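**Student:**
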Amino acid sequence: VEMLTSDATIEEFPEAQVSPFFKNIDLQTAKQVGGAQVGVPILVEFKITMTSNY
Amino acid sequence: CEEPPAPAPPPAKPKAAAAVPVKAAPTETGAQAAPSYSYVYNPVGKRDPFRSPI
Numbered sequence: 795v796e797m798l799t800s801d802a803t804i805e806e807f808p809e810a811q812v813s814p815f816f817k818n819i820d821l822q823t824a825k826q827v828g829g830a831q832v833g834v835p836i837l838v839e840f841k842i843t844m845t846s847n848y
Numbered sequence: 202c203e204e205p206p207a208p209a210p211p212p213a214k215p216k217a218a219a220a221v222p223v224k225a226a227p228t229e230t231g232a233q234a235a236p237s238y239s240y241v242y243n244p245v246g247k248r249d250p251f252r253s254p255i
């Protein structure tokens with residue numbers, strides 16, 4: 795779904811953390827899709843990439 | 202000279218207050234706008250394309 799930024803290969807330094815098991819790289823993108831007169835979604839489409847553990 | 206008022210016809214104000222008034226206006230007028238605002242917009246979309254081409 796090419797609303798999305800691309801990619802999946804990099805090197806990561808931690809800023810903040812909540813799951814000890816997951817290394818999210820970043821919220822790669824996010825765009826609030828409104829819709830039209832035919833219908834809504836209104837919400838925030840997004841994309842993330844994440845390496846887990848082990 | 203002319204006195205606290207002047208004499209009685211009043212005098213002479215037929216020159217002062219006829220090469221005056223003015224023309225006043227006074228122009229109780231040309232102040233600040235709210236302007237006004239237009240409205241948006243008519244769709245619901247339709248599909249042919251872009252379903253098959255993505």
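One line per chain: the protein sequences are A and B, in this order. Numbers given in the working numbering equal positions in the first sequence, counted from 1, plus 794. Numbers given in the working numbering equal positions in the second sequence, counted from 1, plus 201. Using N, Cα and C, we set each Cβ at its ideal position, and we do this for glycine too.
Looking only at C-alpha atoms, which of A:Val838, A:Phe815, A:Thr845 sits nearest to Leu798 of chain A?
**Tutor:** Among A:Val838, A:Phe815, A:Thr845, the Cα nearest to that of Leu798 of chain A belongs to A:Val838.
**Student:** List the residues of chain B whose Cβ lies closer than 8 Å to the Cβ of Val832 of chain A, in chain order.
**Tutor:** Correct list: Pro244, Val245, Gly246, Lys247.
**Student:** Would you mind working out which of A:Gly829, A:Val827, A:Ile804, A:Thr823 sits nearest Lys817 of chain A, comparing C-alpha positions?
**Tutor:** That would be A:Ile804, whose Cα lies nearest to the Cα of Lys817 of chain A.
**Student:** Suppose you measure from the CA of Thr230 of chain B to the CA of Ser237 of chain B; what does that come to, to the nearest Å?
**Tutor:** Their Cα atoms are separated by approximately 19 Å.
**Student:** In terms of alpha-carbon separation, which member of A:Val827, A:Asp820, A:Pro835 lies closest to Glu806 of chain A?
**Tutor:** That would be A:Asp820, whose Cα lies nearest to the Cα of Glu806 of chain A.
**Student:** Rounding to the nearest angstrom, what Cα-Cα distance links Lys216 of chain B and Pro222 of chain B in this structure?
**Tutor:** Distance between the alpha carbons of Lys216 of chain B and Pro222 of chain B is about 10 Å.
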